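Enquirer: sequence plus experimental coordinates follow:
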Amino acid sequence: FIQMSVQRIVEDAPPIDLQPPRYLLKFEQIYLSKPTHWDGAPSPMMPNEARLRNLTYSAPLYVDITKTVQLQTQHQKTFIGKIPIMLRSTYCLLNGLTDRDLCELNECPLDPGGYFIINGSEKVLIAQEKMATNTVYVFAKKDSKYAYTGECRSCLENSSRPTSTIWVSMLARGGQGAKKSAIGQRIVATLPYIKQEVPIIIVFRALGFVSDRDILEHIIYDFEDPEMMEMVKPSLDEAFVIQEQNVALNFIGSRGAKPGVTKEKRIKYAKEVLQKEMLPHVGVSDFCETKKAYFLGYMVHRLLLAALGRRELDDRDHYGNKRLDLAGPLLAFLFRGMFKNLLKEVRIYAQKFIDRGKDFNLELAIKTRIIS
Amino acid sequence: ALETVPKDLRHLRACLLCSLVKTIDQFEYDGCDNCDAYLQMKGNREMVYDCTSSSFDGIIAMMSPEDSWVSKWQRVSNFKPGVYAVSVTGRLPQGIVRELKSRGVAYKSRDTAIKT
Amino acid sequence: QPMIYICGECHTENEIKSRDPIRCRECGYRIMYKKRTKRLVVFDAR
Amino acid sequence: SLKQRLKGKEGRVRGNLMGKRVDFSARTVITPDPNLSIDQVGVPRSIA
Amino acid sequence: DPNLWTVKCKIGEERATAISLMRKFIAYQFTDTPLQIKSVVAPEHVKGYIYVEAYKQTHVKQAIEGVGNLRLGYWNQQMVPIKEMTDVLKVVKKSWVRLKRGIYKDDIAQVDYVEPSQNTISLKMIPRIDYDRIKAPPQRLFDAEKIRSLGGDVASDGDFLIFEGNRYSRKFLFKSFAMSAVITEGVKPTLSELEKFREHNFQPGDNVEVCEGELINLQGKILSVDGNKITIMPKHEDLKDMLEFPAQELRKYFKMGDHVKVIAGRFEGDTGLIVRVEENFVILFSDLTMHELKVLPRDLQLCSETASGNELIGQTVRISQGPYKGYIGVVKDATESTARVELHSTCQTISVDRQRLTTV
Amino acid sequence: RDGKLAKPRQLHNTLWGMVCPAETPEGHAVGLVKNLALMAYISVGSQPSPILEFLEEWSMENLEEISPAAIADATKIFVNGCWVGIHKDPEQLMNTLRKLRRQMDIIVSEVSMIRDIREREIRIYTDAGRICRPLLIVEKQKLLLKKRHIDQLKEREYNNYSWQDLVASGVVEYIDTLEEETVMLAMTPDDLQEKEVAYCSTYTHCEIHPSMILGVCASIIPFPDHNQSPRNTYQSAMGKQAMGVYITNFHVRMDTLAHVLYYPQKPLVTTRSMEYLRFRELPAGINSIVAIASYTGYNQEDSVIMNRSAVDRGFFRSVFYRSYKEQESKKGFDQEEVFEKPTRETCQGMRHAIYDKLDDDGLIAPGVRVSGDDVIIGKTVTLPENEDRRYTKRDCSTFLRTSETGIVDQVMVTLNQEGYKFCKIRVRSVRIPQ
RNA sequence: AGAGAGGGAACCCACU
Ligand SMILES: [Zn+2]
Ligand SMILES: [Zn+2]
């Protein structure tokens, strides 16, 4: 975490820009010093001293600033804030020290470390279980209206945004769809930031794949098993009215968490949702349309296999389906929000001090309490 | 123009005729931006003290009086855009009012406040 | 009247005063340890 | 709120009116004793 | 006609918001991004938000873009209702004043000398100071000797004095303060402030009569009360209806031999019974004393409440006799006969006779 | 918590070797809170870029350059869940990836490859959070852990031959839960590699030792397989509660509720795993000559009869330390705490207790007997209305916890984070077993 | 011989 992930968080944060002559701030290289207390002079704070005086065994965190107003100026080793250090780490004082040296520091060699000293209290970050991300799962909501529901808690690595689960569900209604025409089961998708049950074919059309044959190629990889094609036939025949990518995207934008104004600004919102909300692990770029289509086709194909029973259903308690958030991922998840909040406060400070016509003071821009 | 807009919040005074709100520096340097030709307070501080108010309530940034219902209620539709006062406390002396009436300008009070 | 404290890491002793910041004279170590009491202690050997 | 102060299992009706703290009560560990009658409990001196 | 829309603003900075909006309108009135709004209103006493006059909400949103002081009303705007638009511009409205700012806020100041320059006036005040003793406060008399003793920023001219931030006092502060920094209308000091420098009171349940009109000599009990023209509803004797009487027509009449209290004057706080009701002199005897108290009829009310009117403690001992001999302990409690000893060895405090104890 | 369902709480099959099956809090958090097994290790995760470069180096076809006709006759390959492309020959690709993992050329040891054989898939996981455990590698029905490895492993600190060298030797490797679904795991080599009426004869990995499936607290149980599983769980709960020397530097630590023992002993009946938890260096408990006998009737219903003479000889006689911390607060002159000995005539609200135990600075010198409601810290806070008479600062003192007694062990005086004076008092009370 | 006590809320670990 403290060797790679913190730098990843700093670099993955966009360089904030302010529009008057424009200026942007960027953080590129981070520095992690040894734990040190102070008013007072910088001196190495031994962990037992931090425990007795109810101090916090935390190491200061510096970073370099580069602002371009363009007139660029760099600022090396600007104090961001203090982050706690668990004992026996690679950045603790007593790393690799011999047992004699530890006994000189009133620290026993028997202590395994792995705990933080916060206000003199020894804290242990309990590893938290979670469902494994970026993995397709097929479950059965036997009480709901869906026969088999697929999901993929997609979360791109080194991305400040959290996971966004997409569901690919099949309406059950084993017989009729409570109609005189709705015969088969229709596959429907629950996208992030969209409150309605969007059909699968609508999404595939919205990805730039107009032909039913091409969509069936991306969903069913064999055209010599008519049973699976027959099962997907009702879902394909739900949305033969919508044939254009424009109309498909318009239907995507209809009934969103942020509803659209008109045909304009709703096509862009639907494009934004399909670009940066569903399936971030397959890529977030302009050319990632076909890769996202392939993975969505895989999700639908696995759902069809589950509906056929050719592949068994997935267990929520199988430990190949789980991840263990240790101190690394947990502190990274914490540092993402708090680093973003520090950036927000810097932006507020810059907004205050550009409207006066003057130049901001960067040392006062970065407040260390919000990060420590 | 920007010449009408006051520069700061200190010593803001509203005109007794058109309720024009400007700083004392702008009244001293420009007079009235609407009816100085009828008042002639430019080049005289005592004229400003006699023709401007030290007590006003509410300000209106009248930008387009030709299509404003507020300008219809405040009777400032035929004037120029600027900063106006809703309620003005004060009154011109009888000599100025009589001189304005001799020029065909009856003095209507801008004191539209509900006094109890 | 002054209280004698043992200067933690220094292991030396020094006087202290009321409303006196807690500092050692050798290296300014912040942790002081109060000396053992002067009154008698008696322990039943049970 | 007042409704939250009354509605709970830690409120006034259950937590204070039904089951309330009482004086003249002691709580300590029990250990067996076969040398006293079934209607006798051996309480400590510091409790008595 | 355009409509008014509420836009939330920074508190205390609404007039500056209007000024900035006017400057922005003038600066972009010839460009390709015009402000299509009509006017901006920032009232004198409405604090927190301003008003934008426009035919559309989108015009308001596109006009306030770039203004940070209105960022809390940027996403959504609320329109002032049509019938309530006139309420926006509706405005309502040797003496004594009360200071606005400083530590002397809303304190009674006697206007000593009115300076004809219309900038400041001399005010007589009672100092709320600690005489440079606590700071490194209620009203009390200005003690010049104390401020000469304590020293600091002080200059003496007999009874005249200058101290602690150019505060001018004499014998009592006499310092100049601005007319706009004081309120010269609506102070009305009391009698205690006079020493420092009609009325109607009808209560429900009281008994009143009618002194004039066609409904004269009708005694009834008070139900409600109002300010000047009460339009009271008295419950008269042998009348099930409720009539109407103002304050000037009624009078606090009380039958002889009833609970009476005094509301104000020299006799306030005392209770008792009245004896004989004259034209206006009502004589009564108190619940405390039997002295004659003569009061006006208006200074009476009907209230039925009753009138107010050892040495061994903490000493290290040594058990020198008995089963516990040789134990060192500290005496917790001691009596004439026995004493409880906190044993230093065991986790137990036991009581022994004083004859068995020997101090160290 | 408080859910009436059981599936999230049960001991699933995939908890084998990764998490202890016995240790768990037996309250309302059964199965939810678990304890990690001994050799289990959580993969810290690495970047997938070298794996993608290696796959593009070989004949792997990316999704943006394929026809949708040759997909079903080949294996779909995933990296960290995202579908990276297709490969035609799954064998000799899994063999190549494993060959690189048995050598640590490109792929880290923590990274896992899983070839789904029934459905044509091959997924490579490089996530941070997966839970794996090392296993031996069985090439033929022969272990790769030869005698020379043991010879070089016994002579540690001389050859500098560590566990990582054996991982680099392609003898052991970390297998996670996904890969356990596609591995044939030998329990012990002395039974599952000799020819018999053959069971499978297709083993891929061998368990190092079955005792490593247990946790830290289930490893101190002698003969845990002879017990009943609820008894093992209850012992796992009790093992984190036994008195003993919890740390070597306990005399420096100002811990609250420090339970230490006079004469802790290592168990006569021990496991091999206690040598690695260092339970023989900081033990918790004493070897006792127990007799399982019905007697006078005081060991009736889960109770034990003890020997008074043995207890008088220091048997289980523990010592209980409790620390008390207190600092004064420099504030806006209205209330000002300060450490001093309060006086009855001077201080107000002074509770009736002995204040002569305190020193001149309002603290207790170490080595002084204190009991219930005895003052340990003399601190007084000023009263703002002392002038607004003759009665001044009120007592704000921390007493010794009532119904407790003992000797003050040691007192430390220092400054806090804010720079205010701050004192800790550790009080010592021995606890004879009663 | 000078005689009473207060905090309060929140969240973790166990105990039967
Ligand atoms: Zn004018
Ligand atoms: Zn020293």
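Expert: All right, it came through fine. Numbering: from 1, shown residues only, chains lettered A, B, ... in the order given. Ligands and ions are numbered 1, 2, ... in the order given.

Enquirer: counting neighbours, what do you get for residue 34?
Expert: Since no chain was named, I'll use chain A. Using other C-beta atoms under 10 Å in any protein chain shown, residue A:34 has 13 neighbouring residues. From N, CA and C alone the C-beta is placed, and that goes for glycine too.

Enquirer: meant chain E, my bad for not saying
Expert: Residues near residue E:34, counting by other C-beta under 10 Å: 12.

Enquirer: need the contact list for it.
Expert: Going by C-beta atoms under 8 Å, 6 or more residues apart in numbering or on different chains, residue E:34 touches residue E:28.

Enquirer: now do it against RNA strand G, distance only.
Expert: In this view, residue E:34 and RNA strand G are 54 Å apart by C-beta to the nearest atom of the strand, to the nearest Å.

Enquirer: so how far is residue E:55 from that residue?
Expert: Note on residue E:34: its distance to residue E:55, by C-beta to C-beta, to the nearest Å, is 14 Å.

Enquirer: apart from its chain neighbours, what residue comes closest to residue A:308?
Expert: residue A:228 (6.8 Å; C-beta to C-beta, 6 or more residues apart in numbering or on different chains).

Enquirer: and what about the one you found, helix, strand or coil?
Expert: helix (DSSP: H, G, I helix; E, B strand; the rest coil).

Enquirer: confirm for me that it is in contact with residue A:304.
Expert: Yes: under the criterion of C-beta atoms under 8 Å, residue A:228 is in contact with residue A:304, at a separation of 5.6 Å.

Enquirer: which neighbours do those two have in common?
Expert: When contacts are counted by C-beta under 8 Å, 6+ apart, the set common to residue A:228 and residue A:304 consists of residue A:220.

Enquirer: which one of those two has more residues nearby?
Expert: Neighbour tally, residue A:228 and residue A:304, criterion other C-beta under 10 Å: the higher count belongs to residue A:304, 24 against 20.

Enquirer: pretty sure that one contacts residue A:229?
Expert: No: judged on C-beta under 8 Å, residue A:304 makes no contact with residue A:229 at a distance of 9.6 Å.

Enquirer: joint contacts of the two?
Expert: In terms of C-beta under 8 Å, 6+ apart, residue A:304 and residue A:229 are both contacted by the residues residue A:220.

Enquirer: list the contacts of the residue nearest to residue A:266 when sequence neighbours are not counted.
Expert: For residue A:266, ignoring the flanking residues on the chain, the nearest one in space by C-beta to C-beta, 6+ apart is residue A:260 at 2.4 Å. Neighbouring residues of residue A:260 by C-beta under 8 Å, 6+ apart: A:253, A:254, A:266, A:267, A:269, A:270.

Enquirer: tell me which residues of stretch A:328-338 are tucked away?
Expert: Neighbour-count burial for stretch A:328-338 flags A:328, A:329, A:331, A:332, A:335, A:336 (criterion: 16 or more other C-beta atoms under 10 Å in any protein chain shown).

Enquirer: if we can go back for a sec, list the contacts for the residue nearest to residue A:308?
Expert: A:220, A:222, A:304, A:308.

Enquirer: residue contacts, the first one?
Expert: By C-beta under 8 Å, 6+ apart, the contact list for residue A:220 reads A:228, A:229, A:232, A:301, A:304.

Enquirer: repeat that for 6 Å
Expert: A:228, A:229 (C-beta atoms under 6 Å, 6 or more residues apart in numbering or on different chains).

Enquirer: do the same with the second one
Expert: Applying C-beta under 6 Å, 6+ apart, one finds that residue A:222 lies in contact with residue F:72.

Enquirer: hmm, stretch F:179-194 in reach of chain A?
Expert: No: between stretch F:179-194 and chain A, judged by C-beta under 6 Å from any C-beta of the partner chain, nothing touches; the nearest distance is 6.7 Å.

Enquirer: can you pull the buried residues of that stretch?
Expert: Here stretch F:179-194 shows F:179, F:180, F:185, F:186, F:189, F:192, F:193 as buried, counting by 16+ other C-beta under 10 Å.
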